[PDB]
> 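Got a structure for you, questions after.
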Amino acid sequence: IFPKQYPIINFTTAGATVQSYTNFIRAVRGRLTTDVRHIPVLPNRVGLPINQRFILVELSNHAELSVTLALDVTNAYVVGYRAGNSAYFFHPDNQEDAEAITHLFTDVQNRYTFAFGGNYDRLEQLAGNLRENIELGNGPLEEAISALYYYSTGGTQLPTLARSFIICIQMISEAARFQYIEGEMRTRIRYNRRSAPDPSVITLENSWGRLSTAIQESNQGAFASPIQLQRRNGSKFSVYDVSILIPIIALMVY
Ligand SMILES: CCc1cccc(CC)c1-c1ccc(C(=O)O)s1
């Protein structure tokens, strides 16, 4: 088939720098937001044409293996990926999204849909580790790309695959959603170190939907009820209005 053509952003771990990773994340944001409350809001899923529903992230590593992740522009989340002659999809939430993803990678000979969604709860269970024990950085991403690639010929076990999804979703989707998490990956690249995310990152990730709702329903930025977030040391604090989150959250779900 001659599939529908979605925008494609490239990143390689070979020779990766703070700047090249920053350019990558900035490019992903720019193609995701094609509407600003106080912070850009991702396009409404309602009435969004199929030709504008997806973007593609092509990842390459030092071994010159390439995989292509497919991102939903309405929530910045990975719905599936292509490696060579195979395409793999998380289980869709509803019939409409199931139809939308039939338009991705349609020239691939083998299409596979998992029974599990791309959510952290199930991915962590499959990986056998929580996010707080899965290291992130250029090293983990290099390994994630290879693990994703070799799943198509059975060279990757499912826990490794699920761990590699958790790495990719955070270093791409969450970093695009939050300048704070983009900064977290920047720092790992600066020290050439790999480390798991701390509670401030993990709780920010868990709070994206609630933070988005609180901001968009706020009275001139003021929240109706406070949102609890975590500090780096695990202690909690309350967020009462959108202003403190401006340097933190870069994209909001509609
Ligand atoms: C400006 C600080 C801030 C604003 C909005 C949300 C959060 C939570 C991710 C944070 C913090 C980041 C680390 C903090 C700490 O370790 O004290 S607070």
Side-chain angles (χ1 to χ4, degrees), residues 3 5-32 54-71 76-89 104-105 107-108 110 118 123 127 129 131 133-197 201 205 250-251:
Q5 288 295 318
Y6 294 106
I8 181 159
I9 304 95
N10 292 278
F11 179 72
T12 181
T13 61
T17 67
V18 282
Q19 318 292 0
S20 86
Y21 174 78
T22 304
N23 296 334
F24 165 60
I25 294 302
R26 292 179 178 181
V28 174
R29 289 197 188 117
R31 301 318 292 267
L32 282 177
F54 296 114
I55 69 174
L56 305 179
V57 170
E58 182 155 52
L59 304 172
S60 296
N61 65 6
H62 286 81
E64 293 174 13
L65 305 177
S66 301
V67 304
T68 303
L69 284 41
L71 277 64
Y77 217 90
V78 180
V79 296
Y81 83 97
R82 172 198 209 161
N85 208 25
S86 301
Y88 298 88
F89 298 97
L104 283 163
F105 304 133
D107 59 328
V108 175
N110 310 309
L123 289 178
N129 278 119
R131 282 167 281 164
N133 298 114
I134 296 169
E135 298 165 327
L136 305 168
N138 196 61
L141 188 51
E142 168 93 19
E143 296 154 6
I145 285 156
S146 290
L148 257 55
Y149 181 87
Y150 284 121
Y151 189 71
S152 50
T153 42
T156 296
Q157 302 291 282
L158 182 58
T160 307
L161 182 73
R163 185 168 56 254
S164 302
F165 286 143
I166 294 168
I167 292 165
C168 291
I169 291 164
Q170 293 177 272
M171 294 185 70
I172 298 165
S173 293
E174 304 289 2
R177 293 160 165 175
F178 299 98
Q179 305 96 318
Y180 184 82
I181 298 180
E182 174 204 348
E184 290 283 323
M185 302 305 127
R186 275 184 52 123
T187 63
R188 286 163 175 73
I189 293 165
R190 261 195 304 115
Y191 291 73
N192 191 23
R193 297 195 83 81
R194 70 157 75 187
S195 67
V201 177
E205 293 172 3
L251 305 172

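Counting begins at 1 with the first residue of the sequence. Heavy atoms only: backbone and side chains are in, while hydrogens, waters and symmetry mates are out.
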> Please give me the minimum heavy-atom distance between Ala176 and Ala250, naming the atom from each residue.
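Looks like O-CB, 3.6 Å.
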> Distance check, rounded to the nearest 0.5 Å: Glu143 atom CD versus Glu135 atom CD?
8.5 Å
> With a 6.0 Å cut-off (strictly less than), is the heavy-atom count around CG of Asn192, excluding the residue itself, greater than 12?
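Atom CG in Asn192 is not packed in, count stays at 12 or less.
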> Determine whether a donor-acceptor pair (N or O, by modelled atom type, separation under 3.5 Å) exists between the side chain of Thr187 and the backbone of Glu184.
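Yes, because the side chain of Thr187 sits within donor-acceptor range (under 3.5 Å) of the backbone of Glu184.
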> Is it the case that the side chain of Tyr21 and the backbone of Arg186 share a donor-acceptor pair, with hydrogens and angles ignored and the cut-off at 3.5 Å?
no
> For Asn138 and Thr13, indicate whether the former's side chain and the latter's backbone hold a donor-acceptor pair under 3.5 Å.
yes
> Just by modelled atom types, is the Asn129 backbone N or O under 3.5 Å from a matching donor or acceptor in the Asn133 side chain?
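The answer is no, because no donor-acceptor pair under 3.5 Å joins these two groups.
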> Where the side chain of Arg177 meets the backbone of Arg29, is there a donor-acceptor pair that is under 3.5 Å apart?
no
> With a 4.5 Å cut-off on side-chain heavy atoms, are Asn85 and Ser152 touching?
no
> Answer yes if the side chains of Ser146 and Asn61 hold a donor-acceptor pair under 3.5 Å, and no otherwise.
yes
> List the atom of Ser66, the atom of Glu58, and the distance in Å for their closest heavy-atom pair.
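Minimum heavy-atom separation between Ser66 and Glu58: CB-OE2, 4.1 Å.
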> Where does the angle between the aromatic ring planes of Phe105 and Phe89 fall among parallel (under 30°), tilted (30 to 60°) and perpendicular (over 60°)?
tilted
> Working to the nearest 0.5 Å, report the span between CZ of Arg31 and CD1 of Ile8.
11.0 Å
> Within the side chain of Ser164, is there an N or O that forms a donor-acceptor pair under 3.5 Å with the backbone of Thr160?
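Yes; at least one donor-acceptor contact below 3.5 Å.
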> With rounding to the nearest 0.5 angstrom, report the CZ to CG distance, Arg188 to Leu141.
12.5 Å
> Minimum heavy-atom separation for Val18 to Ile189, with atom names?
N-CG2, 3.7 Å
> Using atom types as modelled and distance alone, determine if a side-chain donor or acceptor of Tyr81 lies under 3.5 Å from a backbone N or O of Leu148.
yes
> Can you tell me how far CD1 of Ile166 sits from CD1 of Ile134, rounded to the nearest 0.5 angstrom?
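CD1 of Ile166 is found 3.5 Å from CD1 of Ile134.
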> For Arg194, is there an ion pair with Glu142 - N to carboxylate O distance below 4.0 angstrom?
no
> With rounding to the nearest 0.5 Å, note down the distance linking OH in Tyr150 to CD in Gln157.
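Taking OH in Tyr150 and CD in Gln157, the distance rounds to 15.0 Å.
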> So how far is it from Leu59 CG to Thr12 OG1, rounded to the nearest 0.5 Å?
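Spacing of CG (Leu59) from OG1 (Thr12) equals 9.0 Å.
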> Is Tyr149 atom OH crowded by more than 12 heavy atoms from other residues, nucleotides or ligands, each under 6.0 Å away?
no
> Can you tell me if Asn110 uses its side chain to pair, donor with acceptor, with the backbone of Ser86 under 3.5 Å?
no
> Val78 and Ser173: side chain to side chain contact (heavy atoms under 4.5 Å, CB included), yes or no, with the steps?
CA-CA 7 Å; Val78 180; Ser173 293; 3.7 Å; yes
> Does the side chain to side chain contact (heavy atoms under 4.5 Å, CB included) test come out yes or no for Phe11 and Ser60, once each step is laid out?
CA-CA 6 Å; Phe11 179 72; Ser60 296; over 6 Å; no
> Salt bridge or not between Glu205 and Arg131? Use side-chain N to carboxylate O under 4.0 Å.
yes
> If I compare all heavy atoms of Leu161 with all of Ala147, which pair ends up nearest, and what's the gap?
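So the two residues come closest at CD1-O, 4.5 Å.
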> So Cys168 and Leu69, do their side chains get closer than 4.5 Å, heavy atoms only?
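Counting from C-beta outward, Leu69 and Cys168 do come under 4.5 Å.
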> Among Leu56, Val57, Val108, which residue satisfies the side-chain contact (heavy atoms from CB on, under 4.5 Å) criterion with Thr68?
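The option that passes is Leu56.
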> Quick check: do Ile55 and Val28 have side-chain heavy atoms less than 4.5 Å from each other?
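They are in contact (side-chain heavy atoms under 4.5 Å apart), so the answer is yes.
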> Minimum heavy-atom separation for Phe24 and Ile9, please, with both atom names.
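Result for this residue pair: CD1-CG2, 3.6 Å.
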> Any side-chain heavy atom of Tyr77 within less than 4.5 Å of one from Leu71?
no
> Minimum heavy-atom separation for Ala16 and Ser20, please, with both atom names.
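Scanning both residues completely, I find the closest heavy atoms to be CA-OG, 3.7 Å.
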> Sub-3.5 Å donor-acceptor pair from the side chain of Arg190 to the main-chain atoms of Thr17, do we have one?
no
> Is there a donor-acceptor pair under 3.5 Å between the side chain of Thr153 and the backbone N or O of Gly155?
no
> On the 0 to 90° scale, with breaks at 30° and 60°, tag the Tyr6-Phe54 ring pair as parallel, tilted or perpendicular.
perpendicular
